[PDB]
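1. Begin with these chain(s), straight out of the complex:
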Amino acid sequence: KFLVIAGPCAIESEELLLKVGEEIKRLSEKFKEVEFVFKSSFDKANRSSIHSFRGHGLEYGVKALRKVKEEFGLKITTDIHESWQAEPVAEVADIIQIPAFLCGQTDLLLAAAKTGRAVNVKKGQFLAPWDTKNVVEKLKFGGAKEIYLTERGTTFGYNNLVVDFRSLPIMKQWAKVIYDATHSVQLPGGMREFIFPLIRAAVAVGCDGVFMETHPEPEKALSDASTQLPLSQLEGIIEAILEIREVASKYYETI
């Protein structure tokens, strides 16, 4: 079924995770046709500034995510940054996420694949659509069975990203495709006004799921404040994409 990956950008506190988790649980009950996966990072490994928020550590993060899975019975996903983190994370993560900048790091991919868990690789801003084939092959070599490729924008000049929707049908040739509606509109080193419009495009073209970061009060988020979606708007956007998908799916090309 259609996948929806959502949650707060960073694990600011398990309290925050539980609040967002509650709403995601509710939506989960309202849209039985959709598979929800709760996402949150235990560490922001590449903030621009050394003085910005990174997180509270892997242990605190895995624990908080554990609380969410136990308290709401929701699937979990979080990203790893070095090979050694794959094993401890796979304890609670149903899907291991590979950061865009690290999509080419062979050891990280193999470490993730070895855990037996599903792997979702964010397509690097520097990577061409057809070059993701090699990424998938590495993961298969490492034993991965459930593989996802996430479109999150491509470098377009300086401090700007563009979404080349031709990438969706191309990557679909070798993996399930997810569209990241949050980071695709960000300006490296973004405009929330473009999040919904581009999400509509993604489902009209055809993808296997959408990725969206949401926060009760984006204004106060410790990361991606200007792009995280207000929690109260999540339901409406999901309903909208299911409606558009229902109609457009009739024309999705056979890949």
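-> Yep, it's here. Residues are numbered from 1 along each chain as shown, chains lettered A, B, ... in the order given.
2. Which residue ranges of the stretch 151-255 of chain A form strands?
-> A:154-155, A:161-162, A:176-180, A:209-215, A:229-230 (DSSP state E, counting those that start in this stretch).
3. Now do the contacts for the residue lying closest to residue A:160 once chain neighbours are set aside.
-> Distances taken as C-beta to C-beta, 6 or more residues apart in numbering put residue A:187 closest to residue A:160, at 5.9 Å, once the chain neighbours are dropped. For every residue, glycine as well, the C-beta is placed using N, CA and C. Contacts here follow C-beta atoms under 8 Å, 6 or more residues apart in numbering; on that basis residue A:187 touches A:159-161.
4. between the residues you listed, which is closest to residue A:95?
-> Proximity of the contacts of residue A:187 to residue A:95 (C-beta to C-beta) peaks at residue A:161, which lies at 23.3 Å.
5. Specify the beta-bridge partners of that closest one.
-> Listed beta-bridge partners, residue A:161: residue A:155 (assigned using DSSP bridges).
6. Hmm, it is touching residue A:191, no?
-> No - look at residue A:161 against residue A:191 with C-beta atoms under 8 Å: they stay out of range, at 11.3 Å.
7. These two - which one has more neighbours?
-> Taking other C-beta atoms under 10 Å, residue A:161 and residue A:191 do not tie; residue A:161 has more neighbours (18 against 10).
8. who touches the more buried one in this structure?
-> Neighbours of residue A:161 in contact, by C-beta under 8 Å, 6+ apart: A:125, A:152-155, A:183-188, A:190.
9. Tell me how far the residue nearest to residue A:160 lies from residue A:159.
-> Applying C-beta to C-beta, to the nearest Å, the value for residue A:187 to residue A:159 is 5 Å.
10. Count the residues that sit near the residue lying closest to residue A:168 once chain neighbours are set aside.
-> Excluding the flanking residues, the one nearest residue A:168 by C-beta to C-beta, 6+ apart is residue A:205, at 5.1 Å. Applying other C-beta under 10 Å, we find 20 other residues in the vicinity of residue A:205.
11. then add chain B to what we have above:
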Amino acid sequence: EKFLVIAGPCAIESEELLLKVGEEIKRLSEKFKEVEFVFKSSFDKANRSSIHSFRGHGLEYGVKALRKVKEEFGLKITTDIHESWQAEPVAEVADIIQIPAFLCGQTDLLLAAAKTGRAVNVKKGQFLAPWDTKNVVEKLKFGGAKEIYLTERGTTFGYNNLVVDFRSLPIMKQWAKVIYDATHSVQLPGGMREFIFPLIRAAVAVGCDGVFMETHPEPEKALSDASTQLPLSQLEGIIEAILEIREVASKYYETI
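-> If we add chain B to the chains shown above, we get the following:
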């Protein structure tokens, strides 16, 4: 608002080809009554890569052929101009005067089109940022244009490649009606037909005021853009699909 569909053969290879495509467009206009069809075809391809490629049969012949289409089928007409002097004669048959992408900044050409009293559709240059189309519209308004369109046809992305930045649609909608060019946006400067349909679906899901599509009875035999012109028999199905997606997505279109 009535959705605009601009379609027709890339070039006026012959008056016969035009009537053949025109006949099909006329039939679709009778079916899709919620759509405003505009027949398009260039009397001249002024910037073919090679000096040896087909350009056309001249302005006189072209206007004459386009007039035959309007007279026989009662369809609106659009064609592009390349120099200021062409605006007047072309305005005699063209309901919408098209401004080529490479020429979207030529002040005199814009002014020439504007003073004819006809609608003007400017192809956004492959080098132009979406927010910079504001001054292009300002020039047209200054010149007397009352009905203005901006067409998204891709942006330079490395060498011999174009990418469609759909953020341009809501941005340009701030100052003009927006049209999505489904044919030229997938061509590799100096074409990939498999991406025509998916990208047009994205355009209507995002929200635009119309779509531009070149169609030919037999693309394979086309004298220009043979790789991207849509087979005529496929037009009806594409239009039905974009109307369906437009309908379901419409309640979510943001207000400017």
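12. Please re-evaluate the neighbour count of residue A:205 in the presence of chain B.
-> Residue A:205: 28 surrounding residues under other C-beta atoms under 10 Å in any protein chain shown.
13. you'd agree it is up against residue B:204?
-> No - at 11.0 Å, residue A:205 does not count as touching residue B:204 under the criterion of C-beta under 8 Å.
14. where does the stretch 51-200 of chain A come near chain B, residue by residue?
-> A:154, A:156, A:162-166, A:168-169, A:185, A:191, A:193-194, A:196-198, A:200 (C-beta under 8 Å from any C-beta of the partner chain).
15. So which of the residues you listed belong to helices?
-> A:168-169, A:196-198, A:200 (DSSP state H).
16. Tell me the most packed of these, by neighbour count.
-> Going by other C-beta under 10 Å, residue A:200 tops those with 30 neighbours.
17. With adjacent residues omitted, what lies nearest to that one?
-> In space, and not counting its chain neighbours, residue A:200 is closest to residue B:205: 4.0 Å by C-beta to C-beta, 6 or more residues apart in numbering or on different chains.
18. show me the contacts for the one you found.
-> Contacts for residue B:205 were tallied using C-beta atoms under 8 Å, 6 or more residues apart in numbering or on different chains; they are A:200-201, A:203-205, A:244, A:248, B:245, B:249.
19. Apply 6 Å and report the result again.
-> Contact partners of residue B:205, counting by C-beta atoms under 6 Å, 6 or more residues apart in numbering or on different chains, are A:200-201, A:204, B:245, B:249.
20. for residue A:53, helix, strand, or coil?
-> Secondary structure for residue A:53, judged by DSSP: H, G, I helix; E, B strand; the rest coil, is coil.
21. ok, it to chain B distance?
-> 28 Å (C-beta to the nearest C-beta, to the nearest Å).
22. same question, residue A:214
-> For residue A:214 relative to chain B (C-beta to the nearest C-beta), the value is 18 Å.
23. Run through the bridge partners of that residue.
-> residue A:229.
24. CA atoms of stretch A:160-173 as PDB?
-> Output of stretch A:160-173 as PDB, limited to C-alpha atoms (Å, rounded to 0.1, in the frame of the first residue of the first chain):
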ATOM      1  CA  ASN A 160      19.100  26.000  -4.500                       C
ATOM      2  CA  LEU A 161      17.500  22.700  -5.400                       C
ATOM      3  CA  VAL A 162      15.200  21.700  -8.200                       C
ATOM      4  CA  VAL A 163      13.100  18.600  -8.400                       C
ATOM      5  CA  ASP A 164      13.400  16.800 -11.800                       C
ATOM      6  CA  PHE A 165      10.300  14.700 -11.800                       C
ATOM      7  CA  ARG A 166      11.700  12.600 -14.600                       C
ATOM      8  CA  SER A 167      13.600  10.900 -11.800                       C
ATOM      9  CA  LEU A 168      10.500   9.100 -10.400                       C
ATOM     10  CA  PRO A 169       9.800   6.900 -13.400                       C
ATOM     11  CA  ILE A 170      13.500   6.300 -13.900                       C
ATOM     12  CA  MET A 171      14.300   5.100 -10.300                       C
ATOM     13  CA  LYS A 172      11.100   3.000 -10.300                       C
ATOM     14  CA  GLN A 173      12.900   0.600 -12.700                       C
END
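25. now the sequence for chain C, which goes on the structure above:
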Amino acid sequence: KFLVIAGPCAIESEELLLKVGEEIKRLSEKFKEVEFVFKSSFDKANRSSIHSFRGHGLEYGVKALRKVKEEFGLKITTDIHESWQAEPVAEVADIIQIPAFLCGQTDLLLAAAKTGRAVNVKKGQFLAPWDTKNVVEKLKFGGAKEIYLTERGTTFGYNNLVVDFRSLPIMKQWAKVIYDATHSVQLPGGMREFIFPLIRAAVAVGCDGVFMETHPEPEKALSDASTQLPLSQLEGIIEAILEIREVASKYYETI
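-> Let me add chain C to what's already shown:
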């Protein structure tokens, strides 16, 4: 010999042209090894705003340029924007310049070639280096014998241009290459601080000439105010590029 095309961006007045022309004449006498060509546009056909300065017309422009050629005996070059302007311009212009946005307009190229004059085509911001071969062929078809291709930057994201120096050796395969030091640093819709550094790169790589707009008081220019080079700095930059060229020329690849 090495070509140096210089002059004020636009013909603000024949007075301005004579002042710049005087200095160019002087430099002409100081550097006999260089072929100087005076440049100035009689019309800025694509200003962003309808309210910006365009010029005083073709007649006034051709007349002013005529005064410069007669009073100083300097070669002349100016750009045309529509086919009909080719003939009247060729009366005084030794080199007819084709604007970057119009480098693909067949009739404009043929009209310029038919005049018998030399033709310098500014490479479009949208054009790939290898695609200039077709441009040259069009001009040869039209009778052109002396053909130049000018590097002036390539579209790089929005409102930015990058100079891919690989273009110099590539275009050299079919025409003489000129490097435009002024427009290459401009930000469409620029930083004067990068003009000199990039000029040095151009001569180190290897070109047949340089193009530079200069004005007695750039601060007061009616066009390209932030990028035109102060007249007083022209001599030093020219001396610098001749010195660098003298040394680097030993390594210019055989094309």
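26. Take the contacts of residue B:205 again, chain C included.
-> A:200-201, A:204, B:245, B:249.
27. how about these, which pair is most distant?
-> Most distant of the contacts of residue B:205, by C-beta to C-beta, are A:201 and B:245, 10.4 Å apart.
28. before we move on, the earlier item: closest to chain C among the contacts of residue B:205?
-> In terms of C-beta to the nearest C-beta, no member of those lies closer to chain C than residue A:201, at 19.3 Å.
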